[PDB]
Each structure stands twice: as C-alpha cells, then as structure tokens.
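Input: a single structure, listed below in structure tokens.
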Amino acid sequence: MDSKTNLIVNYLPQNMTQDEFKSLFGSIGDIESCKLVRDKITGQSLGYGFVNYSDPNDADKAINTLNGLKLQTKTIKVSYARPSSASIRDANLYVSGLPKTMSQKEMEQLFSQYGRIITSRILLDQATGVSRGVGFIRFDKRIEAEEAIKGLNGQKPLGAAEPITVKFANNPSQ
RNA sequence: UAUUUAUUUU
C-alpha cells in the first residue's frame, strides 16, 4: 500500500496551467506523474496540485527546493498530502480582533483544543506586506471548525468595535 | 478590507 508519494503543491498561480506546472517541476527528477484538484461540477478551481514520484528520497529532496518558491505573484509549497483524514478539504477560518503581539501558538493551542488544526496563524506585517491584525485557523474537519466557530465567535453590535470575531472566510474585495 | 488568496485531487 502506498500514498506517501502524494506530494501536494499548494498555492498554485491561477494564471498558470497544468502543463506548465508539470513542465516546471520537470527539471527536478523522475516524475512518475502529477495531479491537480480540478472540479467537474462548477469548474471554479482552488489552487493546488500534486507530484507523484517513484521513491520518497527524490520526493523529499525536491521539497527542500520546492518548500518555498516565491514568484512575482505568489509562493509555491509542496507537502505530504495525507491519504485521507475522513472529509478534510478546506477548513480555513477567519479570526479578527487580535492585538499586534498575537502569538500564533496561542491561537494554535486555543483552536487545537477544539480540533487538531492543520495550520493556524495571524496576518500582520509592516515591511514585506501590510498591517492587518487578524488570525486564521486551517482545521482538518470543516464541521469541527464550524462547530468550533459556533462556540468561539462572539458578536459585533453597534455599541462596540470588534468583540472577538472568528468565522469562515467571507470575501476580501470580490 | 481577513492569511502566500483556496494543503487535501478524471
């Protein structure tokens, strides 16, 4: 039984295509095959693919170089996409109302207790990006996050500003 | 005004 070769390359340049994606990695080693999370119902497209090598060595060795490829638009990163954690997919969460000294681990330990999170962090830059002050939690199970949110998110009435707000990604400027 | 914008796929 195999699966470990299921290397997932997340944050793919929407403007790029499957051929180039494969072509790009082509100059790395013996790429038995590749994959892409493409839908056949709505046809929206998320933005992450996969690389299936023959052996783990060239699979991990490649990671060393593809685990942080920054482009003019965005960054590309390959990871060991687990076979299946029983209904995983996008469990990304939005949590606003955090201070400048917001500790990622604190948020991680906070939401981790609610459910084993895949990736939890806060967006707040002042040199490379921009000043925001919001946190996010990428859980394994959406329902866990949804329920967590239900038992985590507060409220934002007129007689207030931001009394803790943790919810699912709504939309930035679209 | 919310993450590298979307780490889980004929």
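Ordering of the structure tokens sets the chain letters (A, B, ...); residue numbers start at 1 within each chain; ligands are numbered from 1 in the order shown.
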Closest atom pairs, residues of chain B within 6 Å of chain A, only C-alpha atoms (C1' of nucleotides), as a tab-separated table:
```
residue	atom	partner	partner_atom	distance
B:3	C1'	A:123	CA	5.3
B:4	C1'	A:75	CA	5.2
B:6	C1'	A:46	CA	4.8
B:7	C1'	A:10	CA	5.4
B:8	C1'	A:89	CA	5.2
B:9	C1'	A:37	CA	3.7
```
From a DSSP pass on the backbone, collect the residues of stretch 19-129 of chain A flagged as strand (DSSP E or B) and hand them back as a PDB file with N, CA and C atoms, in the first residue's frame.
```pdb
ATOM      1  N   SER A  33       4.424  10.866 -12.208  1.00  0.00           N
ATOM      2  CA  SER A  33       3.169  11.525 -12.584  1.00  0.00           C
ATOM      3  C   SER A  33       2.827  12.679 -11.637  1.00  0.00           C
ATOM      4  N   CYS A  34       1.816  13.463 -12.013  1.00  0.00           N
ATOM      5  CA  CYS A  34       1.371  14.601 -11.207  1.00  0.00           C
ATOM      6  C   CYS A  34      -0.154  14.613 -11.074  1.00  0.00           C
ATOM      7  N   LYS A  35      -0.670  15.506 -10.238  1.00  0.00           N
ATOM      8  CA  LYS A  35      -2.113  15.603 -10.026  1.00  0.00           C
ATOM      9  C   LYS A  35      -2.551  17.046  -9.757  1.00  0.00           C
ATOM     10  N   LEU A  36      -3.847  17.305  -9.932  1.00  0.00           N
ATOM     11  CA  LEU A  36      -4.409  18.638  -9.711  1.00  0.00           C
ATOM     12  C   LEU A  36      -5.866  18.549  -9.243  1.00  0.00           C
ATOM     13  N   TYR A  48      -4.027  24.285  -6.059  1.00  0.00           N
ATOM     14  CA  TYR A  48      -3.006  23.387  -5.505  1.00  0.00           C
ATOM     15  C   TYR A  48      -2.965  22.061  -6.279  1.00  0.00           C
ATOM     16  N   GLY A  49      -1.746  21.604  -6.592  1.00  0.00           N
ATOM     17  CA  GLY A  49      -1.569  20.360  -7.348  1.00  0.00           C
ATOM     18  C   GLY A  49      -0.779  19.306  -6.592  1.00  0.00           C
ATOM     19  N   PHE A  50      -0.365  18.239  -7.280  1.00  0.00           N
ATOM     20  CA  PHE A  50       0.385  17.163  -6.620  1.00  0.00           C
ATOM     21  C   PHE A  50       1.450  16.553  -7.525  1.00  0.00           C
ATOM     22  N   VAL A  51       2.486  16.006  -6.896  1.00  0.00           N
ATOM     23  CA  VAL A  51       3.583  15.356  -7.607  1.00  0.00           C
ATOM     24  C   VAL A  51       3.790  13.938  -7.071  1.00  0.00           C
ATOM     25  N   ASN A  52       3.662  12.937  -7.941  1.00  0.00           N
ATOM     26  CA  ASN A  52       3.836  11.549  -7.521  1.00  0.00           C
ATOM     27  C   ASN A  52       5.148  10.967  -8.047  1.00  0.00           C
ATOM     28  N   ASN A  67       9.803  23.743  -1.224  1.00  0.00           N
ATOM     29  CA  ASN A  67       9.100  24.109   0.011  1.00  0.00           C
ATOM     30  C   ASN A  67       9.262  25.611   0.312  1.00  0.00           C
ATOM     31  N   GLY A  68       9.006  26.449  -0.696  1.00  0.00           N
ATOM     32  CA  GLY A  68       9.121  27.893  -0.514  1.00  0.00           C
ATOM     33  C   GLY A  68       9.538  28.626  -1.778  1.00  0.00           C
ATOM     34  N   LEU A  69       8.847  28.352  -2.884  1.00  0.00           N
ATOM     35  CA  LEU A  69       9.147  29.007  -4.155  1.00  0.00           C
ATOM     36  C   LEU A  69       8.327  30.291  -4.299  1.00  0.00           C
ATOM     37  N   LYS A  70       8.984  31.439  -4.134  1.00  0.00           N
ATOM     38  CA  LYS A  70       8.312  32.736  -4.232  1.00  0.00           C
ATOM     39  C   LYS A  70       8.335  33.278  -5.666  1.00  0.00           C
ATOM     40  N   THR A  75       3.653  32.505  -3.742  1.00  0.00           N
ATOM     41  CA  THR A  75       4.618  31.475  -3.367  1.00  0.00           C
ATOM     42  C   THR A  75       4.060  30.054  -3.566  1.00  0.00           C
ATOM     43  N   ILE A  76       4.941  29.121  -3.925  1.00  0.00           N
ATOM     44  CA  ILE A  76       4.553  27.722  -4.129  1.00  0.00           C
ATOM     45  C   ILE A  76       5.216  26.827  -3.077  1.00  0.00           C
ATOM     46  N   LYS A  77       4.455  25.879  -2.521  1.00  0.00           N
ATOM     47  CA  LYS A  77       4.991  24.983  -1.493  1.00  0.00           C
ATOM     48  C   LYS A  77       4.420  23.563  -1.599  1.00  0.00           C
ATOM     49  N   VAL A  78       5.318  22.579  -1.636  1.00  0.00           N
ATOM     50  CA  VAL A  78       4.926  21.169  -1.720  1.00  0.00           C
ATOM     51  C   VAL A  78       4.852  20.543  -0.325  1.00  0.00           C
ATOM     52  N   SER A  79       3.893  19.642  -0.122  1.00  0.00           N
ATOM     53  CA  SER A  79       3.726  18.994   1.181  1.00  0.00           C
ATOM     54  C   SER A  79       3.191  17.565   1.057  1.00  0.00           C
ATOM     55  N   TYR A  80       3.379  16.783   2.123  1.00  0.00           N
ATOM     56  CA  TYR A  80       2.924  15.393   2.161  1.00  0.00           C
ATOM     57  C   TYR A  80       1.421  15.312   2.424  1.00  0.00           C
ATOM     58  N   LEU A  93     -10.310  29.146   8.611  1.00  0.00           N
ATOM     59  CA  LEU A  93     -11.106  30.029   9.464  1.00  0.00           C
ATOM     60  C   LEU A  93     -10.518  31.444   9.569  1.00  0.00           C
ATOM     61  N   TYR A  94     -11.414  32.414   9.757  1.00  0.00           N
ATOM     62  CA  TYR A  94     -11.086  33.841   9.912  1.00  0.00           C
ATOM     63  C   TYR A  94     -11.387  34.352  11.326  1.00  0.00           C
ATOM     64  N   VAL A  95     -10.346  34.811  12.027  1.00  0.00           N
ATOM     65  CA  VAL A  95     -10.490  35.327  13.393  1.00  0.00           C
ATOM     66  C   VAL A  95      -9.895  36.734  13.530  1.00  0.00           C
ATOM     67  N   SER A  96     -10.759  37.739  13.617  1.00  0.00           N
ATOM     68  CA  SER A  96     -10.304  39.125  13.760  1.00  0.00           C
ATOM     69  C   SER A  96     -10.437  39.615  15.200  1.00  0.00           C
ATOM     70  N   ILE A 117      -5.817  21.334  14.377  1.00  0.00           N
ATOM     71  CA  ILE A 117      -5.690  22.251  13.239  1.00  0.00           C
ATOM     72  C   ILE A 117      -4.497  21.894  12.360  1.00  0.00           C
ATOM     73  N   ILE A 118      -4.643  22.102  11.053  1.00  0.00           N
ATOM     74  CA  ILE A 118      -3.563  21.835  10.113  1.00  0.00           C
ATOM     75  C   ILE A 118      -2.584  23.004  10.109  1.00  0.00           C
ATOM     76  N   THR A 119      -3.128  24.221  10.009  1.00  0.00           N
ATOM     77  CA  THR A 119      -2.308  25.434  10.003  1.00  0.00           C
ATOM     78  C   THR A 119      -3.074  26.632  10.581  1.00  0.00           C
ATOM     79  N   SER A 120      -2.550  27.197  11.671  1.00  0.00           N
ATOM     80  CA  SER A 120      -3.165  28.358  12.329  1.00  0.00           C
ATOM     81  C   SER A 120      -2.169  29.516  12.407  1.00  0.00           C
ATOM     82  N   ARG A 121      -2.603  30.726  12.043  1.00  0.00           N
ATOM     83  CA  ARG A 121      -1.698  31.885  12.075  1.00  0.00           C
ATOM     84  C   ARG A 121      -2.436  33.231  12.047  1.00  0.00           C
ATOM     85  N   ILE A 122      -1.659  34.308  12.191  1.00  0.00           N
ATOM     86  CA  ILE A 122      -2.186  35.674  12.182  1.00  0.00           C
ATOM     87  C   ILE A 122      -1.511  36.510  11.087  1.00  0.00           C
ATOM     88  N   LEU A 123      -2.288  37.334  10.377  1.00  0.00           N
ATOM     89  CA  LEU A 123      -1.724  38.188   9.323  1.00  0.00           C
ATOM     90  C   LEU A 123      -1.463  39.601   9.873  1.00  0.00           C
TER      91      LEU A 123
END
```
(Q) As an exercise, work out the distance from atom CA of residue A:107 to atom CA of residue A:147 in Å and give it to one decimal place. (A)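 That distance, rounded to one decimal, is 16.6 Å.
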**Q.** Gap from atom CA of residue A:14 to atom CA of residue A:72 - Å, one decimal
**A.**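 For atom CA of residue A:14 relative to atom CA of residue A:72, the distance reads 12.7 Å.
We find atom CA of residue A:22 and atom CA of residue A:42 to be spaced 23.8 Å apart.
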Q.
To test your reading of the structure, identify every residue in chain A that backbone DSSP assigns to alpha helix (DSSP H), and report it as a ChimeraX atom specification.
A. /A:18-26,56-66,104-112,142-150
Q) What lies within 10 Å of residue A:31 using only C-alpha atoms (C1' of nucleotides), ignoring chain neighbours under 5 positions off, as a PyMOL selection string? A) chain A and resi 22+25-26+51-55+58-59
Keeping N, CA and C atoms, export the residues of the selection given above as a short mmCIF file (atom, residue, chain, number, x, y, z; two decimals), in the first residue's frame.
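Here's the written file part.cif:
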```cif
data_model
loop_
_atom_site.label_atom_id
_atom_site.label_comp_id
_atom_site.auth_asym_id
_atom_site.auth_seq_id
_atom_site.Cartn_x
_atom_site.Cartn_y
_atom_site.Cartn_z
N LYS A 22 3.52 21.01 -14.42
CA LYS A 22 4.27 19.77 -14.58
C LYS A 22 5.62 20.08 -15.23
N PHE A 25 8.23 21.59 -12.71
CA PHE A 25 8.85 20.54 -11.89
C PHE A 25 9.62 19.52 -12.75
N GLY A 26 9.32 19.46 -14.05
CA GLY A 26 10.00 18.53 -14.94
C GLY A 26 11.51 18.52 -14.76
N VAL A 51 2.49 16.01 -6.90
CA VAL A 51 3.58 15.36 -7.61
C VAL A 51 3.79 13.94 -7.07
N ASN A 52 3.66 12.94 -7.94
CA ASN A 52 3.84 11.55 -7.52
C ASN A 52 5.15 10.97 -8.05
N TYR A 53 6.16 10.95 -7.19
CA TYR A 53 7.47 10.40 -7.55
C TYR A 53 7.52 8.90 -7.29
N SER A 54 8.60 8.26 -7.74
CA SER A 54 8.76 6.81 -7.55
C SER A 54 9.20 6.49 -6.12
N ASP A 55 10.25 7.17 -5.65
CA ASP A 55 10.77 6.95 -4.30
C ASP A 55 10.66 8.22 -3.44
N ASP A 58 13.89 11.31 -3.63
CA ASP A 58 13.75 12.41 -4.58
C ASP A 58 12.48 13.21 -4.28
N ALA A 59 11.51 12.57 -3.60
CA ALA A 59 10.27 13.24 -3.23
C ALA A 59 10.53 14.28 -2.13
#
```
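Within the 12 Å cut-off around residue A:156, using only C-alpha atoms (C1' of nucleotides) and omitting residues fewer than 3 positions from it on the same chain, the listed residues are residues 96, 97, 153, 159, 160, 161, 162, 163, 164, 165 and 166 of chain A.
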